[PDB]
Amino acid sequence: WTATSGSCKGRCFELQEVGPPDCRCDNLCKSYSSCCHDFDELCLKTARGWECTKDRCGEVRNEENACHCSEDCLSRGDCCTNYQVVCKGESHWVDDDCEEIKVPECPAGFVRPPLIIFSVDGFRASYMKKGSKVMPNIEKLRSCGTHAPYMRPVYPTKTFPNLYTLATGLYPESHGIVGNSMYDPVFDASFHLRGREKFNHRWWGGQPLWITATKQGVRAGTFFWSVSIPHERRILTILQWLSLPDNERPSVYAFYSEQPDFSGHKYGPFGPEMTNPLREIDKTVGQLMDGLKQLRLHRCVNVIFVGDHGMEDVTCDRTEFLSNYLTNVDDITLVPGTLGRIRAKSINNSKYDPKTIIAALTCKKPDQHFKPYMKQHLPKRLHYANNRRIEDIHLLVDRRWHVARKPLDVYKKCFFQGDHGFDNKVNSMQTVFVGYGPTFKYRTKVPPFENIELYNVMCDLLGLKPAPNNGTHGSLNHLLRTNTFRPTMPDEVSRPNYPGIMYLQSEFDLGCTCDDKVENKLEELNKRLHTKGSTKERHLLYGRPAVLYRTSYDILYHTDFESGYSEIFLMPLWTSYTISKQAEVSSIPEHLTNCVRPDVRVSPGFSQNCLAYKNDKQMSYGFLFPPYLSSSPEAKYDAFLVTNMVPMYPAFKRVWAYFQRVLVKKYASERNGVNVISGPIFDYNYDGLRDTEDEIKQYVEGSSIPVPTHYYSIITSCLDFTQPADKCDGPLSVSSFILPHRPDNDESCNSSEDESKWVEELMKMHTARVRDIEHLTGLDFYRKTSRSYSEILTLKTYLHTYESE
Ligand SMILES: *[C@@H]1O[C@H](CO)[C@@H](O[C@@H]2O[C@H](CO)[C@@H](O[C@@H]3O[C@H](CO[C@H]4O[C@H](CO)[C@@H](O)[C@H](O[C@H]5O[C@H](CO)[C@@H](O)[C@H](O)[C@@H]5O[C@H]5O[C@H](CO)[C@@H](O)[C@H](O)[C@@H]5O)[C@@H]4O)[C@@H](O)[C@H](O[C@H]4O[C@H](CO)[C@@H](O)[C@H](O)[C@@H]4O[C@H]4O[C@H](CO)[C@@H](O)[C@H](O)[C@@H]4O)[C@@H]3O)[C@H](O)[C@H]2NC(C)=O)[C@H](O)[C@H]1NC(C)=O
Ligand SMILES: CCOC(=O)c1cc(-c2cccc(Br)c2)[nH]n1
Ligand SMILES: [Br-]
Ligand SMILES: [Ca+2]
Ligand SMILES: [Cl-]
Ligand SMILES: [K+]
Ligand code: NA
Ligand SMILES: [Zn+2]
């Protein structure tokens with residue numbers, strides 16, 4: 001109930017919203033059906049249009065007009081945006097040459113540059129180039145300010161998840177808006193795009209920018225606009241708030257456009273009907289900049305032009321139907337479309353089984369256009385699992401396609417030519433970023449970055465301390481002229497032991513064998529210096545990684561590689577080695593096929609044993625430094641040390657072996673040498689964080705050898721590939737992966753073929769940022785380089801995507 005009977009006289013677009021059943025005059029009142037009787041009349045004036053004309057200049061103030069061309073309008077702060085152009089002979093902002101804004105040029109009383117966030121639904125990244133002729137205003141922002149060629153959205157590439165990620169710096173799994181459509185089993189409630197429940201505060205986790213602003217004493221202009229409020233009125237409102245007294249005026253503002261998403265859905269991303277929406281958006285930007293220029297605020301305000309997601313070609317005929325796969329289709333609930341989410345229709349049916357459903361959806365048709373997953377098996381880079389709102393069963397749908405339950409759903413709902421929501425690595429999903437203003441750099445291109453990073457920068461722009469978030473603060477320092485945030489490396493928590501030879505061979509009762517008892521002064525000081533760390537500078541190029549938690553581990557040196565070996569997990573946390581362009585692949589000799597050797601620096605009690613592997617019918621083992629890349633027959637022995645051994649399912653060994661035998665050398669050729677750091681990851685509770693030992697659900701049968709959920713690799717070289725990895729002068733180049741450690745290869749439909757037809761594609765699917773690996777391991781890499789820390793932070797957030805240009 002609202003007693004809609006009060007008035008909006010002198011209250012139009014009030015900054016503090018008021019409490020029921022009193023009536024409202026704020027820019028959101030329409031969405032709650034709660035405006036005062038006179039809101040339309042007083043607040044949504046339209047009379048006479050949105051522009052001055054020659055004959056309107058110097059007119060009598062008629063309070064009924066939408067905007068004004070009378071003499072007093074400037075001091076009142078309510079002229080039409082073109083007033084000075086038409087009536088005082090001024091030029092439009094877009095027709096002015098651009099000039100570096102070295103310092104805020106603000107009116108007296110402004111304590112900081114204001115920030116205006118101009119967000120646009122469905123603005124595909126390629127529109128910047130492809131629509132550049134019809135967007136002169138946006139194009140001046142882009143080329144004069146700072147721009148990325150695209151910005152990576154979060155998965156799923158839907159509107160609400162992405163807007164709230166922009167607002168909070170959080171993955172959807174942490175902020176709670178995990179789709180446009182949701183069921184919370186704890187609440188027993190549903191969230192929908194249409195309706196009432198989406199307004200309830202309990203859906204919305206983390207701390208959005210406007211709350212962060214308020215708590216720290218920065219005023220925020222009510223971010224959100226009712227859909228029927230035309231765009232011209234939104235701009236005039238923002239411009240009016242900017243004319244308020246110093247004590248009342250907001251410092252941060254938000255404009256949102258429903259275009260071009262709304263049109264893209266009907267016509268496809270490049271429909272010829274798409275030119276007009278792009279022209280209208282540019283006109284809107286033009287109105288804002290002209291209005292800022294009028295108020296002498298155009299060299300004072302920081303403007304962010306930002307998209308939530310792109311748009312892809314999708315039609316009705318490109319639908320897959322679960323009814324073509326499942327006999328039991330009526331006992332399941334599907335969240336449909338560009339992603340699939342499956343749960344039981346009734347919790348009272350115990351004959352439901354996720355295992356049988358996954359199996360029936362696995363590699364069933366030659367060209368199948370989705371892939372099912374248990375959510376914990378999704379690529380770690382999606383960060384899409386740790387929320388009770390995300391169903392155990394997920395479908396990743398191919399770009400250009402849809403998934404529905406039964407065909408009736410599609411035709412008892414062809415309408416659409418465009419949709420979004422697919423995997424966030426997909427080109428057509430990429431969106432935009434432009435920063436323009438005194439705090440941004442001038443005429444600067446920056447590399448692609450992820451939208452999770454913006455919350456930090458918008459806090460920086462405003463002098464705020466960000467709430468705890470998933471950005472890496474400092475990683476976007478290169479976009480900014482000043483207000484940079486200068487972070488420090490986290491302190492190492494655990495120091496390593498450096499064990500020498502302390503144990504005799506006979507003390508080890510591991511059930512391991514090796515054909516190795518084959519017998520010199522020149523070459524004995526030699527292997528000792530190797531064990532003391534004489535080639536460490538060759539294999540540990542960026543310093544040893546820091547261990548950021550409390551644990552007990554040893555550093556182990558060898559001719560070919562260096563490891564940090566965990567006495568708690570009985571395996572290395574990390575193994576580091578360098579492979580030069582010139583290096584040669586050999587084979588594992590026959591005498592050494594099943595050779596595992598005791599490590600006389602590590603106690604039997606801190607070692608794995610061979611017997612456990614023999615007893616465990618499911619689990620085999622592999623090596624972190626690959627025997628294949630030994631620098632000599634004599635050095636090859638080090639690769640068979642029990643302290644280089646990790647638990648591996650036979651099916652994963654196929655993956656691991658091909659990566660190690662074929663791909664490492666390939667990358668050394670292509671990149672002029674590589675540095676490699678490999679290791680295990682444990683994430684049994686799929687939270688994206690390093691598991692403590694009490695979190696491990698699986699051990700190699702009858703032992704305390706814990707089983708990894710994933711294996712990572714970080715592959716580094718010189719960005720200038722004319723210089724070899726070990727002798728690099730400048731910036732670095734990185735790619736990494738986090739491969740799930742699976743007992744089968746069900747994920748790769750062509751895995752009964754030769755490894756050269758499926759392994760590399762699998763690795764690409766599971767590409768990762770070094771930062772992802774850090775969360776999952778509690779290590780901090782790149783500790784000792786010649787590069788600035790901000791630059792290293794950027795490198796750590798890089799994701800190698802494997803999409804073409
Ligand atoms: C991305 O960035 C984010 C932000 O930094 C990272 O997430 C943080 O991770 C922390 C570690 O997991 C976590 O810290 C915990 O805080 C608990 C108190 O939690 C509240 O406080 C914050 C601050 O106000 C608040 O934001 C939280 O809001 C969550 O919950 C509601 C839903 O109930 C949502 O509205 C909201 O969206 C958000 O949900 C998300 O987070 C929770 C995790 O808290 C998930 O479960 C959800 O799925 C969802 O993703 C909270 O209201 C505190 O209780 C924890 O302490 C427990 O564990 C420690 C170990 O140190 C132990 O000392 C204690 O004993 C304690 O355990 C007790 O409870 C257990 C369970 O009942 C029980 O097993 C024990 O026996 C004990 O009795 C913990 O310190 C922090 O909350 C989140 N913050 C957010 C916003 O998510 C995230 O890690 C980053 N991601 C990556 C990949 O890096
Ligand atoms: C759903 C309609 O959305 C709106 O009206 C709107 C959204 C934002 C916004 C979005 C993301 C980050 C920030 Br910070 C602000 N501002 N206005
Ligand atoms: Br939002
Ligand atoms: Ca974990
Ligand atoms: Cl959804
Ligand atoms: K075995
Ligand atoms: Na297979
Ligand atoms: Zn949309």
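Note that these values count all heavy atoms, side chains included, but never hydrogens, waters or copies made by symmetry. We number each residue from 1, following the sequence as shown.
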Please report the C-alpha distance between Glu803 and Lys425 in whole Å, then the side-chain angles of each, then the deciding distance to 0.1 Å, and finally whether the side-chain contact (heavy atoms from CB on, under 4.5 Å) criterion is met.
CA-CA 8 Å; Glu803 294 277 299; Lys425 78 163 157 86; 3.8 Å; yes
Looking at the rings of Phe625 and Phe561, which for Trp means the six-membered one, are their centres under 6.0 Å apart?
yes
Any side-chain donor paired with an acceptor under 3.5 Å for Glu747 and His766?
yes
What distance do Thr794 atom OG1 and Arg771 atom CZ have between them, rounded to the nearest 0.5 Å?
12.5 Å
Where the side chain of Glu453 meets the backbone of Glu450, is there a donor-acceptor pair that is under 3.5 Å apart?
no
Report yes if some heavy atom in the side chain of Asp638 is under 4.5 Å from a heavy atom in the side chain of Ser630; otherwise report no.
no
Presence of salt bridge, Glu760 and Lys666, under 4.0 angstrom:
yes
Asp560 vs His530, side-chain contact (heavy atoms from CB on, under 4.5 Å): CA-CA, chis, key distance, verdict
CA-CA 9 Å; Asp560 296 341; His530 288 327; over 6 Å; no
Could you verify whether a donor N or O on one side chain and an acceptor N or O on the other, from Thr212 and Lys465, lie under 3.5 Å apart?
no
Check for a donor-acceptor pair, side chain of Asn497 on one end and backbone N or O of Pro499 on the other, with a separation under 3.5 Å.
no
Ring centres under 6.0 Å, that's the criterion: do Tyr150 and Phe433 meet it?
no
Can you find a heavy atom in the side chain of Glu695 that is under 4.5 Å from one in the side chain of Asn685?
yes
Using the side-chain hydrogen bond (donor to acceptor under 3.5 Å, both in side chains) criterion, which residues pair with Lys441? Sequence neighbours excluded.
none
Taking the six-membered ring for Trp and the single ring otherwise, decide whether the centroids of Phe623 and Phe640 are under 6.0 Å apart.
yes
Residues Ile681 and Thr777: closest non-hydrogen pair is CG1-CG2, 3.7 Å
For a 4.5 angstrom cut-off between non-hydrogen side-chain atoms, does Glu755 reach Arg654?
yes
On the 0 to 90° scale, with breaks at 30° and 60°, tag the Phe682-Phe569 ring pair as parallel, tilted or perpendicular.
tilted
Trace of the salt bridge (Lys or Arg N to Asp or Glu O under 4.0 Å) decision for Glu173 with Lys375
CA-CA 12 Å; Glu173 81 186 340; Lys375 68 176 170 162; over 6 Å; no
Heavy-atom count check: over 12 atoms from other residues, nucleotides or ligands less than 6.0 Å from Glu761 CD?
no
CD1 of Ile677 to CD of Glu562: how many Å apart, nearest 0.5 Å?
9.5 Å
ring-ring contact (aromatic ring centres under 6.0 Å, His included): pairs with one or both residues in residues 532-556, sequence neighbours excluded
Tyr542-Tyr782
Evaluate side-chain contact (heavy atoms from CB on, under 4.5 Å) for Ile773 paired with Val770, printing each intermediate quantity in order.
CA-CA 5 Å; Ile773 294 170; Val770 167; 5.5 Å; no
What verdict does the side-chain hydrogen bond (donor to acceptor under 3.5 Å, both in side chains) test give for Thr643 and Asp599, after you've listed the backbone C-alpha separation in whole Å, the side-chain angles of each residue and the deciding distance to 0.1 Å?
CA-CA 7 Å; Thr643 53; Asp599 196 340; 2.5 Å; yes
I'd like to know if the side chain of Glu791 and the backbone of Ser788 have a donor-acceptor N/O pair within less than 3.5 Å.
no
Is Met645 close to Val642 at the side-chain level, that is, under 4.5 Å between some pair of heavy atoms?
yes
Could you state the interatomic distance from OG1 (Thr146) to NZ (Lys445), rounded to the nearest 0.5 Å?
12.5 Å
Identify whether the distance between the nearest side-chain nitrogen and carboxylate oxygen of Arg538 and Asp726 falls below 4.0 Å.
yes
Please test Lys697 against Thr709 for side-chain hydrogen bond (donor to acceptor under 3.5 Å, both in side chains), starting from the C-alpha separation and ending with a verdict.
CA-CA 10 Å; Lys697 281 153 83 61; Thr709 53; over 6 Å; no
To the nearest 0.5 Å, atom CG of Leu732 lies from atom OG of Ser786 at 7.5 Å
Among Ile714, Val676, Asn675, the one residue meeting side-chain contact (heavy atoms from CB on, under 4.5 Å) with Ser576:
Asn675
If a pair satisfies ring-ring contact (aromatic ring centres under 6.0 Å, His included) and one of its residues is in residues 693-723, list it, with sequence neighbours excluded.
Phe652-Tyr711, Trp656-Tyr711, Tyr711-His741
Between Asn609 (side chain) and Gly511 (backbone), is there a donor-acceptor pair under 3.5 Å?
no
Mind checking whether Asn451 and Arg152 have side chains closer than 4.5 Å, heavy atoms only?
no
Pair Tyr503-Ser603, side-chain contact (heavy atoms from CB on, under 4.5 Å): steps then yes or no:
CA-CA 7 Å; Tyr503 297 97; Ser603 58; 3.3 Å; yes
Close side-chain approach of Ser566 and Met571, heavy atoms under 4.5 Å
no
Side chains of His775 and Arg690 in contact at under 4.5 Å (non-hydrogen atoms)
no
Compute the ring centroids of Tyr155 and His383, then answer whether they are less than 6.0 Å apart.
no
Go through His175 and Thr165 one step at a time and tell me if the side-chain hydrogen bond (donor to acceptor under 3.5 Å, both in side chains) criterion holds.
CA-CA 8 Å; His175 69 51; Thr165 282; 3.0 Å; yes
When rounded to the nearest 0.5 Å, the distance separating OG of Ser607 from CG of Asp509 is 12.0 Å
Answer yes or no: does atom CD of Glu584 have more than 12 heavy-atom neighbours from other residues, nucleotides or ligands under 6.0 Å?
no
Just checking, is any N or O donor in the side chain of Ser563 or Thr575 under 3.5 Å from an acceptor N or O on the other one?
no
Any donor-acceptor N/O pair, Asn386 side chain to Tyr686 backbone, under 3.5 Å
no
Report the C-alpha separation of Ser678 and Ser713 in whole Å, then their side-chain angles, then the decisive distance to 0.1 Å, and conclude whether the side-chain hydrogen bond (donor to acceptor under 3.5 Å, both in side chains) test is met.
CA-CA 4 Å; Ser678 302; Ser713 285; 2.8 Å; yes
Quick check on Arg661: does its CZ atom have over 12 non-hydrogen neighbours (other residues, nucleotides or ligands) under 6.0 Å away?
no
Among side-chain atoms of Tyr613 and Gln608, is any donor-acceptor pair under 3.5 angstrom?
yes
Just wondering, more than 12 heavy atoms not from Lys764 lying within 6.0 Å of its NZ?
yes
For a quick check under 3.5 Å, do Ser475 and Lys796 share a side-chain donor-acceptor pair by atom type?
no
So, taking the atom named CG in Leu378 and the one named CD1 in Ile390, what distance separates them when rounded to the nearest 0.5 Å?
9.0 Å
Any side-chain donor paired with an acceptor under 3.5 Å for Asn644 and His558?
no
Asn526 side chain vs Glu524 backbone, donor-acceptor pair below 3.5 Å:
no
Answer yes or no: is there a donor N or O on one side and an acceptor on the other, between the side chain of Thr535 and the main chain of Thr559, under 3.5 Å?
yes
Check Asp516 with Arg597, please: is the shortest side-chain N to carboxylate O separation under 4.0 Å?
yes
